[PDB]
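Here is the structure we will look at.
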Amino acid sequence: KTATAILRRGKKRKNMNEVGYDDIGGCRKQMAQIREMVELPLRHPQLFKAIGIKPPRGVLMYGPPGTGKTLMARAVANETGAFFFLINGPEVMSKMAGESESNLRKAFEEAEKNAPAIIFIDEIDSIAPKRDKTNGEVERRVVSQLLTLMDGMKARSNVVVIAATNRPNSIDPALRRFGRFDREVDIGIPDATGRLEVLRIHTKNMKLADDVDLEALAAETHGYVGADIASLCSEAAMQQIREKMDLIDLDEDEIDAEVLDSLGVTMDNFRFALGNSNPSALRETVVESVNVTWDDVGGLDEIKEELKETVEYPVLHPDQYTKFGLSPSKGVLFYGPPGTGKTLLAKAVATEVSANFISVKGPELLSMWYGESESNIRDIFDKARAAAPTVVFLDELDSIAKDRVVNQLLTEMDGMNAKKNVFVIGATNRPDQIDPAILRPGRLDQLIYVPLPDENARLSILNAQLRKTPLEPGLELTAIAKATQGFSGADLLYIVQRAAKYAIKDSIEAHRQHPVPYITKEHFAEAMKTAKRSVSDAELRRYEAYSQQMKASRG
Amino acid sequence: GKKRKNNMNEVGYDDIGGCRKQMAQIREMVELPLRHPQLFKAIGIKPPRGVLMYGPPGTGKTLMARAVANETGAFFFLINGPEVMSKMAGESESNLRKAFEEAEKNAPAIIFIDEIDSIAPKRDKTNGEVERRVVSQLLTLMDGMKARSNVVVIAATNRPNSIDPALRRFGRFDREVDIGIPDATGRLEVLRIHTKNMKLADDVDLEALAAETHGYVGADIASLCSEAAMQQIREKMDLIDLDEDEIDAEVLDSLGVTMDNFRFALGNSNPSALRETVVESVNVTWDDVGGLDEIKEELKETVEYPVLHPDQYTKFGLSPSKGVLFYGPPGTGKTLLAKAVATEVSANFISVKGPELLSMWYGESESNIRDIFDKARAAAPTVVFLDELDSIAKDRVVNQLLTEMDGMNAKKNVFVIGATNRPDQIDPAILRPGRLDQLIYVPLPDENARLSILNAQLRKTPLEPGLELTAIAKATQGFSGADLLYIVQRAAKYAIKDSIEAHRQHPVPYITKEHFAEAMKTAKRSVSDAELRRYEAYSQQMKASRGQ
Amino acid sequence: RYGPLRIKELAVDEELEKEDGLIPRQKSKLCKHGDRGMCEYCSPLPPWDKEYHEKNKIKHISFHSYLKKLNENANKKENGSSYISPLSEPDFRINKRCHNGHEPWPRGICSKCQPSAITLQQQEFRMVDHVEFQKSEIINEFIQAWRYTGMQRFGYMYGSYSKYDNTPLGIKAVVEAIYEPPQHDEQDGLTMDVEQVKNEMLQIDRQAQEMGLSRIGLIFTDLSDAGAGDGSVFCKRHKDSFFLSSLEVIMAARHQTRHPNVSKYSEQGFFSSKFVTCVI
Ligand SMILES: Nc1ncnc2c1ncn2[C@@H]1O[C@H](COP(=O)(O)OP(=O)(O)OP(=O)(O)O)[C@@H](O)[C@H]1O
Ligand SMILES: Nc1ncnc2c1ncn2[C@@H]1O[C@H](COP(=O)(O)OP(=O)(O)OP(=O)(O)O)[C@@H](O)[C@H]1O
Ligand SMILES: Nc1ncnc2c1ncn2[C@@H]1O[C@H](COP(=O)(O)OP(=O)(O)O)[C@@H](O)[C@H]1O
Ligand SMILES: Nc1ncnc2c1ncn2[C@@H]1O[C@H](COP(=O)(O)OP(=O)(O)O)[C@@H](O)[C@H]1O
Ligand SMILES: [Zn+2]
Ligand SMILES: [Zn+2]
């Protein structure tokens, strides 16, 4: 609504100077923020004089590499048409001793001399890393020079500084204060629509074959950053030319024009490129968008209503809470047998209020507990603040909360702004293992038990998992749902996967013999023969006893 | 003629053997952008610029780069790491700048940055002002030349983790090539290449030498040839007059290297390729693995189908399984199963034994789990094999392994096989879905399997004509493959002892039945009955855990 | 393997390049080795050895020896490079065409096309090592001009270059005659139209080349006789005050830029003109 009020309306005021807003896709909100912070102070400076404020200048973009930070900065600079001074981290740091400071001084001096200007300090983490990493005295001279130039600029006005870095913590803390890089923007991995837009942007000059399904590629590519999609397209084209190399004579200097005219990228080439590509964005904590509704989750209707009352009303109707003077709850804690669908509940909650989602699995928590990770709890919550509203899902919380890390989590959660919509949802299979400190009021104090699916819930789960897989017409799943009492969602997923495995084995055997385009009930029976409950009765009794204790203690 | 026509500009594709896959990759990544730029103009793409080769030292990375450069006919601009880093302060950066500028000025060009791990070592390995200025200069040069030039950059390093991570992203060395140790045919080709000017004697059996050299990189083979020639010179030194400054041409004409010299050289060689994790080729079929037929079928339908028929998996919307976990008494033949699986899908093979994992746990190794999986990605399709996984999975190492298993691309053909003797002792986290979820029990061989093992182990030994092994196979109930191998080894030891005694007395060409009888007299099962009962109970519980 | 470009340079440069210039040393009393062999104190001394120069009271290193030192330090043979050119004259002008994503310098600039800080530092080598006047009359007449008129003077000196054995791989400019352009000398200085000067000097140089001479420097007089009865002049230029004022330094730099020294080891093909300036 109002947030993207600046995006609504030759081209590019009419190399790397041709980049424009039409060369970007899937970052509408971040682009709106950057434009609102850059264009208005420069293009229309009289608004802030009329209303009587000094607009903030420092903007700090950060996200996984390849997300388009340099692209966004250059596009904004070229669309504004203002004196654009580009400073590269490594380029400044490669200079001799004493020159990497004079370069910064002259850069800022020139940017101040000329008309409304934009200074883009690309990779600022190179010239101002965290103090512990600033080894040497020149690494301190450069940081001090940067700080002095930043401080002495606040009076000048009509000059905006933009900086880009991979992680919020990678920068010296002194650079993130009032009169410095105060406004922060977080770039996350794009969603399906964003990936489709990027794919359309990149594949506009290729000789695509008519049998291309860019929507299918967008659906398949999950966790792919814009750079990953560009590499995907390049590798697909390389595969196409490799396939066509048979008709090409490498020895001859020139290739036949007719062959060059028959080049065409086919969907199979894109599938091969997907096979080869290796994204790395998800290796670190990132902000992602989710689109799970209250339909990928079966059952738990009472828990769904409880979650709605807990989260939706604070976000959608803050006025009522202000009227009654009651503040909303900060966090929730799911407990129950594994495979009951806690992550799906977290994603559904995030999608209901249309908030971003950050997930921190068990391995990440352990890696932070061992101090061998780039990020940290403070960094996670800084990203959550920058991307607010956000839902932070801490999975396998029992691994660390059996502590330094738990202390950091408590500090960050206590320091969270009450009115800022940043909810924290913890998941654990062993609620008694959780440290009692975390469960105090103002923390993950609202505990919710997630039970195993019931008959109708099992039927819904089985239908949902099998929807995108061909099956025998007139196939019944009621018997399978009924016979699997005590099975979690993971067990039903295993059953359907085994049925599919049997079907594919039969299909391959039939093709080799020379048929089986469905999944008949015999496959399901055979797969079910080797499937068993993954939750022991003792654990179920223990969870039921804990639930009974909680009910008795609260009534 | 050839090569577009000692003087390293005189090396071509005919001086490299046994690396045709990586040679083809480098050629398609170098020649095509340079020789025929119009293809990418027609398709409307920018071909990738950087290429990063890595592998054990002595595997011929510099040789491959030189050969590709010479065959392309472009403007080769070799840059050394030690040579650049020996310059004074502020001069190495100037050399880098001048090299890049000259390469860009005379396009098409091929910049080869040899031993880049000395220019841009891992961030924790530099700790110096100059070591950071040089890295920043290199990054700036790489970024600047991304466009605006028809230039290609090639780099060589020992391991992926020995380079600053900033150099392995888009617009930089975004293509990786992994060089592994050659197989028997590759070693034969290398031997033929090297021993083409030598005065080889008639009794030379290069095939035999290739068979007897395992883990030998090309440098090792060159050293072997030099050592054999030196041994020949030593043997003929009796007729050489050291005092004189001239030697009759008659003596020189008598020089000739014989198989004995090559055997001596094999004896006196120190290969080091296998001391670190390395990608390698395997040639084990479903015939060396006697028995385990049901396990063979399970492995086939688990691994071969995803690799050979991905279209079916896409049709049914099923994601192929990542890895499996073997368990059973030691010596049951799990490594053979892993090698056979790798061979069937024609994939590479990376083996990580117990000592390597323990060394990584103690943090005193040059390779990490992330490095192993980077090599696996670069060499895909690959089979990673974690042997005796229970030593570490009794930890930060286990956490790293889980992280890497979660990270790996589903569509990538990288399969992780784990072997362990104590399935219960393994960390439960390793057995969750999306990880080594499948568990396979490898039992002791049966009578027919034992006889097959015995026959397989005796194909390189002169057994007595008309010999039989059914009695030995039946007598060894409960024995694993290792025990039967030990029985065969003891029989051979007795036979060779008797042969040596007879020769000294002076006959004994082949083993006899009494030798095997004597060897079996000391036979001992390596698996106690209690352990076998425990494994059977665990398997029965697992079957019950998968009941109706 | 690419090497030095094919470009004709003076005979003196070629014959200097042919030589090696090594300075042999005899067996030091600190040597520990037989007759054959040499450790560190008996090895031949490179022509650019700083200790030798400072011991012999030489303030610069005879440019050709500087080139020898650069070649020895860099450009390994048979591998390690494709012959990076060792000599490259400095250039401080901004890169008017960077287009790294920005318009030219006046309305945009990046860290790549920004001239870096300049660090002045005394040069360690000199192109021409000696200047030799064939006869005393050549400068006696030049000074007789001032003696008779009282104003200053200014003239170009013609001649040719040759070897100089008194310095390792040194060059001497031998001057045969002096030509004085039309200039308006004055009590405290002199002035001369640049256009007339160059127009006349073009044909004068043509004739001199036909005669075998070449223009190799400029000479001017800065004399102010003292009031003493004899003929004496004030010592205006000395250690604590200036040697060459800024204006004459600028003029000398312009003259050097206009007479480039064709060289075979630089990308442009020229480096550090062999043009000398003398003052009386
Ligand atoms: N919407 C998009 N988001 C991200 N990248 C995009 C997008 N559309 C196209 N791209 C392409 O993806 C690549 C992104 O590279 P870019 O330099 O912007 O990444 P970065 O990691 O943010 O930058 P840097 O590290 O240089 O600051 C470029 O090829 C860009 O053309
Ligand atoms: N096919 C081959 N593979 C490997 N080495 C080969 C091959 N054929 C010949 N050789 C010999 O192996 C040696 C190759 O050593 P080389 O210097 O290329 O290896 P490297 O350790 O990868 O390189 P560098 O240290 O320069 O990065 C040379 O003796 C070469 O003659
Ligand atoms: N209502 C449901 N309850 C449980 N699992 C479900 C449900 N609907 C779908 N699933 C399946 O459960 C799996 C995810 O389980 P997950 O949310 O990770 O459980 P947990 O949080 O206990 O680990 C997916 O295969 C998903 O399709
Ligand atoms: N079918 C087989 N089962 C077991 N061992 C076998 C079999 N065939 C051959 N062997 C022998 O087993 C030995 C290797 O055993 P290995 O695979 O290391 O056992 P494990 O994996 O249990 O440690 C080799 O000497 C090999 O010849
Ligand atoms: Zn000596
Ligand atoms: Zn520029």
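Residues 71-75, 206-594, 608-719, 749-790, in that order, are what chain B shows, numbered as in Swiss-Prot.
The backbone N, Cα and C atoms fix where each Cβ goes, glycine too.
Per Swiss-Prot, the feature ATP 1 binding site maps to B:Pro257, B:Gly258, B:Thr259, B:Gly260, B:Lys261, B:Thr262, B:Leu263, B:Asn358, B:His394. The local packing around B:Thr259 (ATP 1 binding site), expressed as other Cβ atoms within 10 Å of its Cβ over all shown chains, amounts to 27.
B:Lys305 (ubiquitin cross-link) falls within a helical segment according to DSSP. Cβ neighbour count for B:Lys305 (ubiquitin cross-link): 12 (other Cβ atoms within 10 Å of its Cβ, all protein chains included). Residues or ranges marked as ubiquitin cross-link in Swiss-Prot (evidence: a large-scale study or a structure entry): B:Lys305 (among others).
Around the Cβ of B:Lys322 (ubiquitin cross-link), the number of neighbouring Cβ atoms within 10 Å comes to 13. Residues or ranges marked as ubiquitin cross-link by Swiss-Prot on the basis of a large-scale study or a structure entry: B:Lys322 (among others).
The ubiquitin cross-link annotation in Swiss-Prot covers B:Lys346 (among others) and is backed by a large-scale study or a structure entry. Sequence-distant contacts of B:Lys346 (ubiquitin cross-link), defined by Cβ-Cβ distance under 8 angstroms and a gap of at least six in the same chain, are B:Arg249, B:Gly371. DSSP gives B:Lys346 (ubiquitin cross-link) a coil state; it is part of no helix or strand.
According to its DSSP assignment, B:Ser472 (phosphoserine) is coil. Residues within less than 8 Å, Cβ to Cβ, of B:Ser472 (phosphoserine) and separated from it by at least 6 positions along the same chain comprise B:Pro256. The phosphoserine annotation in Swiss-Prot covers B:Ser472 (among others) and is backed by a large-scale study or a structure entry.
As annotated by Swiss-Prot, phosphoserine applies to B:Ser519 (among others), with the evidence given as a large-scale study or a structure entry. Spatially close to B:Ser519 (phosphoserine) yet at least six residues away along the chain are B:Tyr513, B:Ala623, judged by Cβ distances under 8 angstroms. Under the DSSP three-state reduction, B:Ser519 (phosphoserine) is assigned to coil, being neither helix nor strand.
What Swiss-Prot records for B:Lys522 (among others) is ubiquitin cross-link, and it gives a large-scale study or a structure entry as the kind of evidence. B:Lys522 (ubiquitin cross-link) has a Cβ environment of 19 other Cβ atoms inside 10 Å.
Summarising the annotation, Swiss-Prot assigns ATP 2 binding site to B:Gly531, B:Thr532, B:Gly533, B:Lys534, B:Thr535, B:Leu536. DSSP assigns B:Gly533 (ATP 2 binding site) to coil in the three-state reduction, outside any helix or strand. Its Cβ placed at the centre, B:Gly533 (ATP 2 binding site) has 25 other Cβ atoms within 10 Å.
Taking all protein chains in view, 23 other C-beta atoms sit within 10 angstroms of the C-beta of B:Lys539 (ubiquitin cross-link). Summarising the annotation, Swiss-Prot assigns ubiquitin cross-link to B:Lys539 (among others) and lists a large-scale study or a structure entry as the type of evidence.
Reduced to three states, the DSSP call for B:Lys594 (ubiquitin cross-link) is coil. The feature ubiquitin cross-link is assigned by Swiss-Prot to B:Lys594 (among others), with experimental evidence given as support.
Following the DSSP three-state reduction, the secondary structure of B:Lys673 (ubiquitin cross-link) is coil. Residues near B:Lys673 (ubiquitin cross-link) in space but far in sequence (CB under 8 A, at least 6 apart, same chain): none are found. The annotation ubiquitin cross-link is assigned in Swiss-Prot to B:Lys673 (among others).
When secondary structure is read from DSSP and collapsed to three states, B:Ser770 (phosphoserine) falls in the coil class. What Swiss-Prot records for B:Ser770 (among others) is phosphoserine, and it gives a large-scale study or a structure entry as the kind of evidence.
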Residues that sit under 8 angstroms from B:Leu536 (ATP 2 binding site) by C-beta distance, when 6+ apart in the chain: B:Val484, B:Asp488, B:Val489
Of B:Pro257, B:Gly531 (the binding-site residues), the residue whose Cβ has the fewest other Cβ atoms within 10 Å: B:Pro257
Sparsest-packed of the listed recorded positions (B:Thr532, B:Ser770) - C-beta count within 10 angstroms: B:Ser770
For ATP 1: widest Cα to Cα gap among B:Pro257, B:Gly258, B:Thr259, B:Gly260, B:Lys261, B:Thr262, B:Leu263, B:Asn358, B:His394 in Å: 24
Cβ neighbours within the same chain of B:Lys534 (ATP 2 binding site) - under 8 Å, at least six residues apart: B:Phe526, B:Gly528, B:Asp587, B:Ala632, B:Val655
Least Cβ-crowded entry, counting other Cβ within 10 Å, from the recorded positions listed as B:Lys261, B:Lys594: B:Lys594
DSSP three-state assignment (helix, strand or coil) for B:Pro257 (ATP 1 binding site): coil
B:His394 (ATP 1 binding site) CB neighbourhood, other CB atoms within 10 A: 18
Secondary-structure category, per DSSP, in which B:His394 (ATP 1 binding site) falls: helix
Pairwise Cα distance for B:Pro257 (ATP 1 binding site)/B:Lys322 (ubiquitin cross-link) [Å, integer]: 18
Length of the line joining the Cα atoms of B:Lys322 (ubiquitin cross-link) and B:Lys261 (ATP 1 binding site), in Å: 21
Residue pair B:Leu263 (ATP 1 binding site), B:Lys305 (ubiquitin cross-link) - Cα distance, angstrom, rounded: 25
Three-class DSSP secondary structure - B:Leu263 (ATP 1 binding site): helix
Inter-residue Cα distance where the pair is B:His394 (ATP 1 binding site) and B:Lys305 (ubiquitin cross-link), in Å: 37
